[PDB]
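Structure data (TSV, C-alpha atoms and all ligand atoms) from start12.tsv:
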```tsv
chain	number	residue	atom	x	y	z
A	1	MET	CA	42.07	97.30	163.59
A	2	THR	CA	39.78	94.40	162.82
A	3	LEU	CA	36.69	96.56	163.38
A	4	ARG	CA	38.20	98.95	160.84
A	5	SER	CA	38.64	96.04	158.41
A	6	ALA	CA	35.00	95.00	158.84
A	7	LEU	CA	33.86	98.58	158.22
A	8	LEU	CA	35.97	98.77	155.05
A	9	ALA	CA	34.35	95.51	153.94
A	10	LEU	CA	30.86	96.82	154.70
A	11	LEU	CA	31.48	100.14	152.95
A	12	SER	CA	32.67	98.37	149.80
A	13	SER	CA	28.99	97.52	149.32
A	14	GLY	CA	28.25	101.22	148.87
A	15	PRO	CA	28.32	104.53	150.72
A	16	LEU	CA	26.53	104.83	154.05
A	17	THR	CA	25.85	107.43	156.69
A	18	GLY	CA	27.10	106.55	160.17
A	19	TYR	CA	23.61	105.73	161.41
A	20	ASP	CA	22.82	103.56	158.38
A	21	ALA	CA	26.24	101.90	158.60
A	22	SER	CA	25.55	101.03	162.27
A	23	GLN	CA	22.17	99.50	161.32
A	24	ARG	CA	23.46	97.58	158.29
A	25	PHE	CA	26.58	96.39	160.15
A	26	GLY	CA	24.61	94.67	162.91
A	27	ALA	CA	22.37	92.92	160.37
A	28	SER	CA	25.29	91.61	158.29
A	29	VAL	CA	28.99	91.42	159.17
A	30	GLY	CA	28.20	92.09	162.85
A	31	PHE	CA	27.28	88.41	163.11
A	32	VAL	CA	30.93	87.42	162.55
A	33	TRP	CA	32.65	90.57	163.94
A	34	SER	CA	30.39	92.50	166.26
A	35	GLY	CA	30.42	96.26	166.53
A	36	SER	CA	28.10	98.59	168.43
A	37	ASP	CA	26.93	102.15	167.59
A	38	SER	CA	29.44	103.53	170.13
A	39	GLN	CA	32.32	101.68	168.47
A	40	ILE	CA	31.34	102.23	164.83
A	41	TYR	CA	30.67	105.99	164.94
A	42	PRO	CA	34.14	107.04	166.22
A	43	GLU	CA	35.94	104.53	164.01
A	44	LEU	CA	34.23	105.91	160.92
A	45	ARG	CA	35.31	109.38	162.01
A	46	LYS	CA	38.88	108.17	162.51
A	47	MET	CA	38.92	106.44	159.11
A	48	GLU	CA	37.77	109.68	157.49
A	49	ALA	CA	40.54	111.57	159.32
A	50	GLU	CA	43.03	108.98	158.06
A	51	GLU	CA	41.69	109.60	154.52
A	52	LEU	CA	40.42	106.04	154.09
A	53	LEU	CA	36.88	107.42	153.73
A	54	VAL	CA	35.44	110.40	151.89
A	55	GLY	CA	32.63	112.21	153.70
A	56	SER	CA	29.86	113.84	151.67
A	57	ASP	CA	26.76	115.65	152.90
A	58	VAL	CA	23.29	114.21	152.32
A	68	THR	CA	27.84	112.69	156.71
A	69	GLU	CA	27.66	109.85	154.15
A	70	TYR	CA	30.90	107.83	154.02
A	71	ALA	CA	32.46	106.31	150.91
A	72	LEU	CA	35.72	104.44	150.41
A	73	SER	CA	38.55	106.55	149.10
A	74	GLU	CA	41.19	105.06	146.84
A	75	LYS	CA	43.36	104.72	149.95
A	76	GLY	CA	40.44	102.92	151.62
A	77	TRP	CA	40.17	100.42	148.77
A	78	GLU	CA	43.92	99.89	149.08
A	79	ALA	CA	43.64	99.35	152.84
A	80	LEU	CA	40.84	96.85	152.29
A	81	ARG	CA	42.93	94.78	149.87
A	82	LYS	CA	46.04	94.94	152.06
A	83	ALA	CA	44.02	93.86	155.10
A	84	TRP	CA	42.63	90.85	153.27
A	85	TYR	CA	45.97	89.76	151.82
A	86	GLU	CA	47.60	89.65	155.26
A	87	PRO	CA	47.47	86.38	157.21
A	88	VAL	CA	44.92	86.05	159.98
A	89	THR	CA	46.35	86.79	163.42
A	90	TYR	CA	44.66	84.28	165.69
A	91	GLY	CA	43.84	85.83	169.03
A	92	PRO	CA	43.80	83.89	172.28
A	93	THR	CA	40.71	82.03	173.43
A	94	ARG	CA	38.19	83.89	175.62
A	95	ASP	CA	35.28	81.46	175.92
A	96	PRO	CA	33.03	82.03	178.95
A	97	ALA	CA	31.20	78.71	178.63
A	98	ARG	CA	34.47	76.74	178.41
A	99	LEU	CA	35.75	78.60	181.48
A	100	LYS	CA	32.50	77.79	183.29
A	101	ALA	CA	32.75	74.11	182.34
A	102	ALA	CA	36.40	73.77	183.40
A	103	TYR	CA	35.38	74.63	186.96
A	104	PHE	CA	31.94	73.01	187.20
A	105	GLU	CA	33.06	71.52	190.53
A	106	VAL	CA	32.57	75.03	192.05
A	107	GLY	CA	28.84	74.32	191.83
A	108	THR	CA	26.44	71.39	191.78
A	109	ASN	CA	25.83	68.87	189.03
A	110	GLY	CA	22.40	70.48	188.72
A	111	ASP	CA	24.04	73.86	188.12
A	112	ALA	CA	26.27	72.25	185.49
A	113	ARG	CA	23.29	70.71	183.67
A	114	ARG	CA	21.63	74.14	183.67
A	115	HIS	CA	24.73	75.69	182.09
A	116	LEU	CA	25.06	72.95	179.50
A	117	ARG	CA	21.38	73.13	178.59
A	118	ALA	CA	21.71	76.89	178.12
A	119	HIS	CA	24.75	76.33	175.90
A	120	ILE	CA	22.70	73.98	173.71
A	121	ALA	CA	19.79	76.41	173.48
A	122	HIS	CA	22.11	79.33	172.63
A	123	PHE	CA	23.77	77.49	169.74
A	124	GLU	CA	20.53	75.90	168.51
A	125	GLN	CA	19.22	79.46	168.20
A	126	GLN	CA	22.45	80.44	166.45
A	127	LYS	CA	21.89	77.63	163.93
A	128	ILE	CA	18.39	78.91	163.11
A	129	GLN	CA	19.73	82.42	162.66
A	130	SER	CA	22.60	81.28	160.45
A	131	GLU	CA	20.38	79.07	158.27
A	132	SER	CA	17.91	81.94	157.82
A	133	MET	CA	20.79	84.23	156.82
A	134	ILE	CA	21.91	81.65	154.25
A	135	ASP	CA	18.36	81.59	152.84
A	136	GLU	CA	18.39	85.38	152.43
A	137	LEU	CA	21.88	85.33	150.91
A	138	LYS	CA	20.93	82.70	148.34
A	139	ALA	CA	17.69	84.55	147.58
A	140	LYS	CA	19.94	87.61	146.94
A	141	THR	CA	17.51	89.78	148.93
A	142	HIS	CA	19.56	90.46	152.06
A	143	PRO	CA	19.69	94.29	151.94
A	144	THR	CA	23.46	94.68	152.20
A	145	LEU	CA	24.15	91.82	149.79
A	146	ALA	CA	21.60	93.24	147.35
A	147	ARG	CA	23.40	96.60	147.34
A	148	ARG	CA	26.77	94.86	146.97
A	149	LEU	CA	25.63	92.79	143.99
A	150	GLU	CA	24.16	95.80	142.17
A	151	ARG	CA	27.60	97.47	142.37
A	152	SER	CA	29.68	94.36	141.58
A	153	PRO	CA	30.67	92.80	138.24
A	154	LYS	CA	28.32	89.98	137.30
A	155	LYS	CA	31.21	87.51	136.95
A	156	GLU	CA	31.89	88.09	140.68
A	157	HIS	CA	28.35	87.46	141.93
A	158	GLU	CA	28.69	83.70	142.41
A	159	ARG	CA	31.87	84.05	144.50
A	160	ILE	CA	30.45	86.98	146.46
A	161	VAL	CA	27.38	85.01	147.54
A	162	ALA	CA	29.28	81.76	148.06
A	163	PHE	CA	31.76	83.32	150.49
A	164	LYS	CA	28.98	84.88	152.57
A	165	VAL	CA	27.32	81.47	152.66
A	166	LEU	CA	30.64	79.85	153.60
A	167	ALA	CA	31.02	82.19	156.57
A	168	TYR	CA	27.60	81.26	157.94
A	169	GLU	CA	28.24	77.56	157.30
A	170	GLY	CA	31.21	78.05	159.62
A	171	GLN	CA	28.93	79.53	162.28
A	172	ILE	CA	26.70	76.46	161.88
A	173	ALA	CA	29.66	74.05	162.06
A	174	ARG	CA	30.88	75.65	165.28
A	175	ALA	CA	27.37	75.66	166.74
A	176	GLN	CA	26.90	71.98	165.98
A	177	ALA	CA	30.20	71.13	167.67
A	178	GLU	CA	29.19	73.17	170.73
A	179	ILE	CA	25.86	71.34	170.94
A	180	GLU	CA	27.44	67.89	170.74
A	181	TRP	CA	30.10	68.89	173.27
A	182	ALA	CA	27.41	69.99	175.71
A	183	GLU	CA	25.48	66.78	175.06
A	184	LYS	CA	28.59	64.79	175.98
A	185	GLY	CA	28.93	66.88	179.13
A	186	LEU	CA	25.36	66.08	180.14
A	187	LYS	CA	26.20	62.38	179.75
A	188	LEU	CA	29.38	62.88	181.80
A	189	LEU	CA	27.28	64.39	184.57
A	190	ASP	CA	25.32	61.12	184.76
A	191	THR	CA	28.47	59.39	186.07
A	192	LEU	CA	30.09	62.13	188.21
B	1	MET	CA	34.52	90.69	185.42
B	2	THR	CA	35.22	87.40	183.64
B	3	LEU	CA	38.98	87.77	184.14
B	4	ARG	CA	38.26	88.25	187.85
B	5	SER	CA	36.27	85.00	187.82
B	6	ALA	CA	39.12	83.11	186.12
B	7	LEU	CA	41.57	84.44	188.73
B	8	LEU	CA	39.30	83.42	191.61
B	9	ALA	CA	39.11	79.94	190.06
B	10	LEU	CA	42.89	79.76	189.70
B	11	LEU	CA	43.54	80.96	193.22
B	12	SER	CA	41.18	78.35	194.63
B	13	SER	CA	44.04	75.94	193.80
B	14	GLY	CA	46.11	77.75	196.42
B	15	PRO	CA	47.84	81.03	197.23
B	16	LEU	CA	50.07	82.56	194.57
B	17	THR	CA	52.21	85.61	194.14
B	18	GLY	CA	51.25	87.75	191.15
B	19	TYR	CA	54.28	86.53	189.20
B	20	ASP	CA	53.52	82.88	189.95
B	21	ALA	CA	49.82	83.46	189.27
B	22	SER	CA	50.71	85.00	185.87
B	23	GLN	CA	52.85	81.98	184.82
B	24	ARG	CA	50.36	79.41	186.12
B	25	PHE	CA	47.38	81.23	184.57
B	26	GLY	CA	48.90	81.13	181.11
B	27	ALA	CA	49.61	77.39	181.33
B	28	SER	CA	46.14	76.49	182.66
B	29	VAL	CA	42.95	78.57	182.55
B	30	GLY	CA	44.52	81.00	180.05
B	31	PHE	CA	43.92	78.39	177.34
B	32	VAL	CA	40.16	78.97	177.73
B	33	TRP	CA	40.08	82.56	179.07
B	34	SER	CA	43.20	84.42	178.03
B	35	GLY	CA	44.92	86.81	180.41
B	36	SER	CA	48.12	88.77	179.86
B	37	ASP	CA	50.57	89.72	182.65
B	38	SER	CA	49.48	93.37	182.28
B	39	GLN	CA	45.82	92.36	182.71
B	40	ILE	CA	46.39	89.98	185.62
B	41	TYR	CA	48.61	92.12	187.84
B	42	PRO	CA	46.15	95.04	188.25
B	43	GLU	CA	43.16	92.75	188.58
B	44	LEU	CA	44.81	91.02	191.55
B	45	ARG	CA	45.62	94.38	193.13
B	46	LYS	CA	41.96	95.35	192.70
B	47	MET	CA	40.71	92.05	194.10
B	48	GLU	CA	42.88	92.54	197.19
B	49	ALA	CA	41.67	96.13	197.57
B	50	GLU	CA	38.08	94.79	197.46
B	51	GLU	CA	38.97	92.15	200.10
B	52	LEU	CA	38.29	89.16	197.82
B	53	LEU	CA	41.97	88.30	198.39
B	54	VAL	CA	44.22	88.51	201.41
B	55	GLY	CA	47.73	89.70	200.62
B	56	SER	CA	50.62	88.33	202.66
B	57	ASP	CA	54.20	89.46	202.20
B	58	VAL	CA	56.43	86.43	201.62
B	59	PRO	CA	60.15	86.02	200.95
B	60	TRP	CA	60.41	85.49	197.20
B	65	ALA	CA	62.79	91.09	198.39
B	66	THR	CA	59.27	90.35	199.63
B	67	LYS	CA	56.35	89.73	197.29
B	68	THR	CA	52.61	89.72	197.91
B	69	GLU	CA	51.12	86.21	198.04
B	70	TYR	CA	47.39	86.31	197.30
B	71	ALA	CA	44.91	83.92	198.92
B	72	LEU	CA	41.14	83.76	198.70
B	73	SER	CA	39.31	85.36	201.62
B	74	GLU	CA	35.87	84.15	202.68
B	75	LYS	CA	34.45	86.98	200.58
B	76	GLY	CA	36.50	85.62	197.67
B	77	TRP	CA	35.13	82.09	198.10
B	78	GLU	CA	31.63	83.57	198.16
B	79	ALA	CA	32.34	85.62	195.02
B	80	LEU	CA	33.65	82.48	193.30
B	81	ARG	CA	30.55	80.42	194.17
B	82	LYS	CA	28.22	83.26	193.18
B	83	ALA	CA	30.05	83.83	189.91
B	84	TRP	CA	29.70	80.17	188.93
B	85	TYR	CA	25.99	80.00	189.81
B	86	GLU	CA	25.09	82.85	187.45
B	87	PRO	CA	24.16	81.98	183.85
B	88	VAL	CA	26.77	82.54	181.17
B	89	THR	CA	26.35	85.74	179.17
B	90	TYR	CA	27.13	84.90	175.57
B	91	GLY	CA	29.02	87.80	174.06
B	92	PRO	CA	28.82	88.70	170.40
B	93	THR	CA	31.06	86.87	167.96
B	94	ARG	CA	34.40	88.40	166.95
B	95	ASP	CA	35.99	85.75	164.75
B	96	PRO	CA	38.79	87.05	162.48
B	97	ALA	CA	38.89	83.95	160.25
B	98	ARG	CA	35.12	84.01	159.71
B	99	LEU	CA	35.32	87.71	158.81
B	100	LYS	CA	38.16	86.99	156.37
B	101	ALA	CA	36.24	84.16	154.74
B	102	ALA	CA	33.06	86.23	154.41
B	103	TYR	CA	34.93	88.60	152.11
B	104	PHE	CA	37.34	86.28	150.28
B	105	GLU	CA	36.23	87.97	147.06
B	106	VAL	CA	38.48	90.89	148.04
B	107	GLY	CA	41.43	88.77	146.86
B	108	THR	CA	42.09	85.73	144.68
B	109	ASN	CA	40.97	82.16	145.16
B	110	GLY	CA	44.66	81.43	145.74
B	111	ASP	CA	44.69	83.92	148.63
B	112	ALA	CA	41.59	82.25	150.05
B	113	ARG	CA	43.15	78.78	149.87
B	114	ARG	CA	46.20	80.15	151.71
B	115	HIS	CA	43.91	81.51	154.45
B	116	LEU	CA	41.99	78.24	154.75
B	117	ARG	CA	45.17	76.14	154.86
B	118	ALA	CA	46.43	78.43	157.64
B	119	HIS	CA	43.16	77.93	159.51
B	120	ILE	CA	43.61	74.15	159.38
B	121	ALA	CA	47.22	74.36	160.57
B	122	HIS	CA	46.25	76.61	163.46
B	123	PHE	CA	43.57	74.32	164.79
B	124	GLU	CA	45.51	71.12	164.13
B	125	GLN	CA	48.19	72.62	166.37
B	126	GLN	CA	45.54	73.53	168.95
B	127	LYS	CA	44.28	69.91	168.93
B	128	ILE	CA	47.80	68.71	169.77
B	129	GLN	CA	48.04	71.19	172.61
B	130	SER	CA	44.59	70.28	173.97
B	131	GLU	CA	45.25	66.54	173.73
B	132	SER	CA	48.59	66.99	175.50
B	133	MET	CA	46.84	68.99	178.23
B	134	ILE	CA	44.35	66.13	178.70
B	135	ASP	CA	47.26	63.69	179.11
B	136	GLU	CA	48.76	65.91	181.82
B	137	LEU	CA	45.39	66.31	183.53
B	138	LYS	CA	44.69	62.58	183.60
B	139	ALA	CA	48.22	61.92	184.88
B	140	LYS	CA	47.39	64.46	187.65
B	141	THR	CA	50.80	66.11	187.26
B	142	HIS	CA	49.85	69.37	185.57
B	143	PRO	CA	51.31	71.85	188.10
B	144	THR	CA	48.11	73.80	188.83
B	145	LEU	CA	45.98	70.64	188.93
B	146	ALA	CA	48.46	68.97	191.28
B	147	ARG	CA	48.38	71.93	193.68
B	148	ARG	CA	44.58	71.92	193.51
B	149	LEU	CA	44.31	68.20	194.26
B	150	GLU	CA	46.73	68.60	197.19
B	151	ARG	CA	44.24	71.08	198.71
B	152	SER	CA	41.09	69.15	197.81
B	153	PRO	CA	39.30	66.28	199.57
B	154	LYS	CA	40.00	62.95	197.90
B	155	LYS	CA	36.28	62.32	197.31
B	156	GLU	CA	36.26	65.26	194.87
B	157	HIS	CA	39.41	64.47	192.87
B	158	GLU	CA	37.76	62.57	190.03
B	159	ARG	CA	35.11	65.28	189.58
B	160	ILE	CA	37.78	68.02	189.56
B	161	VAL	CA	39.86	66.26	186.90
B	162	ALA	CA	36.88	65.31	184.74
B	163	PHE	CA	35.70	68.91	184.41
B	164	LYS	CA	39.16	70.08	183.34
B	165	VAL	CA	39.19	67.28	180.77
B	166	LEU	CA	35.69	68.23	179.60
B	167	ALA	CA	36.84	71.80	178.93
B	168	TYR	CA	39.72	70.67	176.75
B	169	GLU	CA	37.50	68.15	174.95
B	170	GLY	CA	35.42	71.19	174.01
B	171	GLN	CA	38.51	72.91	172.65
B	172	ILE	CA	39.16	69.78	170.57
B	173	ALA	CA	35.55	69.62	169.36
B	174	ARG	CA	35.68	73.25	168.22
B	175	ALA	CA	39.07	72.76	166.56
B	176	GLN	CA	37.83	69.73	164.62
B	177	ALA	CA	34.78	71.69	163.45
B	178	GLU	CA	37.06	74.51	162.26
B	179	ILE	CA	39.22	72.04	160.32
B	180	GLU	CA	36.18	70.42	158.68
B	181	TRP	CA	34.75	73.85	157.78
B	182	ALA	CA	38.04	74.96	156.24
B	183	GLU	CA	38.29	71.67	154.31
B	184	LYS	CA	34.88	72.22	152.76
B	185	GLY	CA	35.87	75.75	151.96
B	186	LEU	CA	38.89	74.39	150.10
B	187	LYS	CA	36.56	72.12	148.11
B	188	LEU	CA	34.34	75.11	147.35
B	189	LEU	CA	37.39	76.98	146.07
B	190	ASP	CA	38.07	74.14	143.61
B	191	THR	CA	34.82	74.97	141.78
B	192	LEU	CA	34.60	78.77	142.05
C	201	LIG	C1	29.34	88.92	156.55
C	201	LIG	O1	27.91	88.90	156.60
C	201	LIG	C2	27.22	89.47	155.59
C	201	LIG	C3	27.84	90.34	154.71
C	201	LIG	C4	27.10	90.93	153.68
C	201	LIG	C5	27.72	91.85	152.72
C	201	LIG	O2	28.64	92.59	153.09
C	201	LIG	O3	27.28	91.91	151.58
C	201	LIG	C6	25.74	90.64	153.54
C	201	LIG	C7	25.13	89.78	154.43
C	201	LIG	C8	25.86	89.20	155.45
C	201	LIG	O4	25.24	88.37	156.32
C	202	LIG	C1	41.27	75.43	182.98
C	202	LIG	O1	42.51	74.81	182.62
C	202	LIG	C2	43.22	74.21	183.62
C	202	LIG	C3	42.88	74.43	184.93
C	202	LIG	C4	43.61	73.80	185.94
C	202	LIG	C5	43.24	74.04	187.35
C	202	LIG	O2	42.74	75.10	187.69
C	202	LIG	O3	43.45	73.18	188.18
C	202	LIG	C6	44.67	72.94	185.61
C	202	LIG	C7	45.00	72.73	184.29
C	202	LIG	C8	44.27	73.37	183.30
C	202	LIG	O4	44.58	73.18	181.99
```

Spit out the file's structure as C-alpha cells when you get a sec.
Ligand SMILES: COc1cc(C(=O)[O-])ccc1O
Ligand SMILES: COc1cc(C(=O)[O-])ccc1O
Amino acid sequence: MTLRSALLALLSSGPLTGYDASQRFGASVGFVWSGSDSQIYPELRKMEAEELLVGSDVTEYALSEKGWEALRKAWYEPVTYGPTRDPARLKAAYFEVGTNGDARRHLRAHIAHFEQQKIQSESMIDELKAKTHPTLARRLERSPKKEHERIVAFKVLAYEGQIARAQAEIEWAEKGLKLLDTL
Amino acid sequence: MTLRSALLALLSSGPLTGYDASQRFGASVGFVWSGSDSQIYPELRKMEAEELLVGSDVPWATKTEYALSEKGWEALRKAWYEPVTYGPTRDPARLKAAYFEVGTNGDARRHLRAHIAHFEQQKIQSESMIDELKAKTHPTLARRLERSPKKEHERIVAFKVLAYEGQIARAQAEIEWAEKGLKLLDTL
C-alpha cells in the first residue's frame, strides 16, 4: 500500500517505463521508502490492472485520473505509524550477550553508518536546491511555477529529517560508548 | 532471521510457553523489534524443529514450554557477534512530508502535528519503561535477573536502559524536525 503510494508520487513527476521507474525510484523517493526492482515491477503491473495507471507503448506508465485521485486520497489520510523494527536498538538492548569490545564495534559501526547517511542527505539537498536532481527537474518542468518553491522545500524537509534522525543516532551511540567506559 | 534473534534474546530470560512468550515479547523487546502473535508462534515452532529450543509439555490442557538448548545459546551468541545489517529506510512520515505539495499547507500542518503527538507519546512510554527497568520490576527483566549472576545485573539493566534512551533520542529528533517543518509551513 505504501509502496503503491510512493510509486504514485514518483509517477506524478511524469510517465516512466518500469525499468526507468525502478532506476529513478532508487535515486529519489527510495531513500525514504525503499523499493527494489522485484517489488516495483509487479506493483506497477497491479496498478495498471486496477486502472490507476495507463500503459502506452514506447510499457510506459502514466497516472490515470483514478491514479491522481488515489494519490490525493493517500496523502490526505493520516499517517499510520507502524511498530518499531530497529536492528541496532535490538542489538544494543542485549549488548550483555557479547563483550564490551563487541558493543563498541557495534556502536562505532552505527556512527559510521549514520555519518555516511548525513553526507548522502546533504548532497541530495544540494542537488534539490540546484534544481538539477533528474526526477525533481522533470517534476518542476511539469508543475505550475507558483508550486516550485513548495515542491523543492518539501523534498528538502524530508532530507533534513533524515539528517535529524542521523544526528540523534550518532549522539546516542556516542553516549553508549561513554557508558561502556563504566560498565 | 532478526525475529528469531529477538526471540532467542527473550527466551534467555527463561523458558516460556508460546502464549506467555507472545505477551512478554510485546511488553519488552517488541518495543524495539516488533513481533505479532502470528509471527511469533510459527517462528518458535521452527526454532524447536531446528533444535535451537527444547519443547517441554507443561500443565497450563498441556502447552509447550520453550527453553534454549545449547545450540540456541550458541545461535544467540553468534547472532550478537555479527555486525548489524542496516536495512533500507521505509519511513511513512518522511514519505508523506516529501510530497506535502500533493495537499494543502493545512493538511501538512495536520500531519506534522500528528507526528509530534505520536513521538511525544512514545517518549512517555520509553521513559516509563526506563523507570520500570531501573526499579528492576519489569516482568521480563525480573525473570532475567533471577536467572543471572549478581555480578552481571547492573550491566544487564544498563543495556536495556540504553536501548530506550535511544528510542527517546530518536523521538526527540522527530519532534524537533516536525517543529521546524511547522515553522517552514508558516512561510510557504
Ligand atoms: C523523495 O525524494 C525525492 C523525490 C523527488 C521527486 O519526486 O521529485 C526528487 C528527489 C528526491 O530525492
Ligand atoms: C528490550 O526491551 C526489554 C527487554 C527486557 C529483557 O529482555 O529483559 C526487559 C524489558 C524490556 O523493555

Per residue of chain B within 9 Å of ligand LIG 202 (chain C), what are the shortest atom pair and its distance in Å to one decimal, counting all atoms listed in the file, with rows by chain and residue number, as CSV?
```
residue,atom,partner,partner_atom,distance
B:6,CA,C:LIG202,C1,8.6
B:9,CA,C:LIG202,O2,6.5
B:10,CA,C:LIG202,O2,5.1
B:11,CA,C:LIG202,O2,8.1
B:12,CA,C:LIG202,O2,7.8
B:13,CA,C:LIG202,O3,6.3
B:24,CA,C:LIG202,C6,8.6
B:25,CA,C:LIG202,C3,8.2
B:27,CA,C:LIG202,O4,6.6
B:28,CA,C:LIG202,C8,3.7
B:29,CA,C:LIG202,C1,3.6
B:30,CA,C:LIG202,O1,7.0
B:31,CA,C:LIG202,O1,6.5
B:32,CA,C:LIG202,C1,6.4
B:33,CA,C:LIG202,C1,8.2
B:130,CA,C:LIG202,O4,8.5
B:133,CA,C:LIG202,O4,6.1
B:134,CA,C:LIG202,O4,7.8
B:136,CA,C:LIG202,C7,8.2
B:137,CA,C:LIG202,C7,6.5
B:142,CA,C:LIG202,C7,6.0
B:143,CA,C:LIG202,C6,7.2
B:144,CA,C:LIG202,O3,4.7
B:145,CA,C:LIG202,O3,3.7
B:146,CA,C:LIG202,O3,7.2
B:147,CA,C:LIG202,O3,7.5
B:148,CA,C:LIG202,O3,5.6
B:149,CA,C:LIG202,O3,7.9
B:160,CA,C:LIG202,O3,7.8
B:161,CA,C:LIG202,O3,7.9
B:163,CA,C:LIG202,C1,8.7
B:164,CA,C:LIG202,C1,5.8
B:165,CA,C:LIG202,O4,8.1
B:167,CA,C:LIG202,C1,7.0
B:168,CA,C:LIG202,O4,7.6
```

Next on the checklist: How would you report the residues lying within 9 Å of ligand LIG 201 (chain C), as a VMD selection string, if you count all atoms listed in the file?
Outcome noted: (chain A and resid 6 9 to 13 24 to 25 27 to 33 130 133 to 134 136 to 137 142 to 149 160 to 161 163 to 165 167 to 168) or (chain B and resid 98 to 99 101 to 103)

Can you list every residue of chain B that has an atom at most 7 Å from chain A, with its nearest atom pair and the distance in Å to one decimal, using all atoms listed in the file, ordered by chain then number, as JSON lines?
```
{"residue": "B:31", "atom": "CA", "partner": "A:93", "partner_atom": "CA", "distance": 6.2}
{"residue": "B:32", "atom": "CA", "partner": "A:93", "partner_atom": "CA", "distance": 5.3}
{"residue": "B:33", "atom": "CA", "partner": "A:94", "partner_atom": "CA", "distance": 4.2}
{"residue": "B:34", "atom": "CA", "partner": "A:94", "partner_atom": "CA", "distance": 5.6}
{"residue": "B:81", "atom": "CA", "partner": "A:106", "partner_atom": "CA", "distance": 6.1}
{"residue": "B:84", "atom": "CA", "partner": "A:107", "partner_atom": "CA", "distance": 6.6}
{"residue": "B:85", "atom": "CA", "partner": "A:111", "partner_atom": "CA", "distance": 6.7}
{"residue": "B:87", "atom": "CA", "partner": "A:115", "partner_atom": "CA", "distance": 6.6}
{"residue": "B:88", "atom": "CA", "partner": "A:97", "partner_atom": "CA", "distance": 6.4}
{"residue": "B:92", "atom": "CA", "partner": "A:34", "partner_atom": "CA", "distance": 5.8}
{"residue": "B:93", "atom": "CA", "partner": "A:32", "partner_atom": "CA", "distance": 5.4}
{"residue": "B:94", "atom": "CA", "partner": "A:33", "partner_atom": "CA", "distance": 4.1}
{"residue": "B:95", "atom": "CA", "partner": "A:32", "partner_atom": "CA", "distance": 5.8}
{"residue": "B:96", "atom": "CA", "partner": "A:88", "partner_atom": "CA", "distance": 6.7}
{"residue": "B:97", "atom": "CA", "partner": "A:88", "partner_atom": "CA", "distance": 6.4}
{"residue": "B:98", "atom": "CA", "partner": "A:167", "partner_atom": "CA", "distance": 5.5}
{"residue": "B:99", "atom": "CA", "partner": "A:32", "partner_atom": "CA", "distance": 5.8}
{"residue": "B:100", "atom": "CA", "partner": "A:84", "partner_atom": "CA", "distance": 6.7}
{"residue": "B:101", "atom": "CA", "partner": "A:167", "partner_atom": "CA", "distance": 5.9}
{"residue": "B:102", "atom": "CA", "partner": "A:164", "partner_atom": "CA", "distance": 4.7}
{"residue": "B:103", "atom": "CA", "partner": "A:163", "partner_atom": "CA", "distance": 6.4}
{"residue": "B:104", "atom": "CA", "partner": "A:163", "partner_atom": "CA", "distance": 6.3}
{"residue": "B:105", "atom": "CA", "partner": "A:160", "partner_atom": "CA", "distance": 5.9}
{"residue": "B:106", "atom": "CA", "partner": "A:81", "partner_atom": "CA", "distance": 6.2}
{"residue": "B:107", "atom": "CA", "partner": "A:85", "partner_atom": "CA", "distance": 6.8}
{"residue": "B:111", "atom": "CA", "partner": "A:85", "partner_atom": "CA", "distance": 6.8}
{"residue": "B:115", "atom": "CA", "partner": "A:87", "partner_atom": "CA", "distance": 6.6}
{"residue": "B:159", "atom": "CA", "partner": "A:192", "partner_atom": "CA", "distance": 6.1}
{"residue": "B:160", "atom": "CA", "partner": "A:105", "partner_atom": "CA", "distance": 6.0}
{"residue": "B:163", "atom": "CA", "partner": "A:102", "partner_atom": "CA", "distance": 5.0}
{"residue": "B:164", "atom": "CA", "partner": "A:102", "partner_atom": "CA", "distance": 4.6}
{"residue": "B:166", "atom": "CA", "partner": "A:102", "partner_atom": "CA", "distance": 6.8}
{"residue": "B:167", "atom": "CA", "partner": "A:102", "partner_atom": "CA", "distance": 4.9}
{"residue": "B:170", "atom": "CA", "partner": "A:181", "partner_atom": "CA", "distance": 5.8}
{"residue": "B:173", "atom": "CA", "partner": "A:177", "partner_atom": "CA", "distance": 5.8}
{"residue": "B:174", "atom": "CA", "partner": "A:177", "partner_atom": "CA", "distance": 5.9}
{"residue": "B:177", "atom": "CA", "partner": "A:173", "partner_atom": "CA", "distance": 5.8}
{"residue": "B:178", "atom": "CA", "partner": "A:174", "partner_atom": "CA", "distance": 7.0}
{"residue": "B:181", "atom": "CA", "partner": "A:170", "partner_atom": "CA", "distance": 5.8}
{"residue": "B:185", "atom": "CA", "partner": "A:166", "partner_atom": "CA", "distance": 6.8}
{"residue": "B:192", "atom": "CA", "partner": "A:159", "partner_atom": "CA", "distance": 6.4}
```

Checklist entry - From the set B:50, B:69, B:20, B:183, which residue has the shortest atom-to-atom contact distance to residue 37 of chain B, counting all atoms listed in the file? => result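 Under the stated criterion, the closest residue is B:20.
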
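With atom CA of residue 38 of chain A on one side and atom CA of residue 7 of chain A on the other, the separation reads 13.6 Å.
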
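The coordinates place atom CA of residue 175 of chain B at 11.3 Å from atom CA of residue 131 of chain B.
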
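Here atom CA of residue 132 of chain A is placed at a distance of 22.2 Å from atom CA of residue 20 of chain A.
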
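If you measure from each of B:56, B:89, B:68, B:125 to residue 171 of chain B using all atoms listed in the file, the closest one turns out to be B:125.
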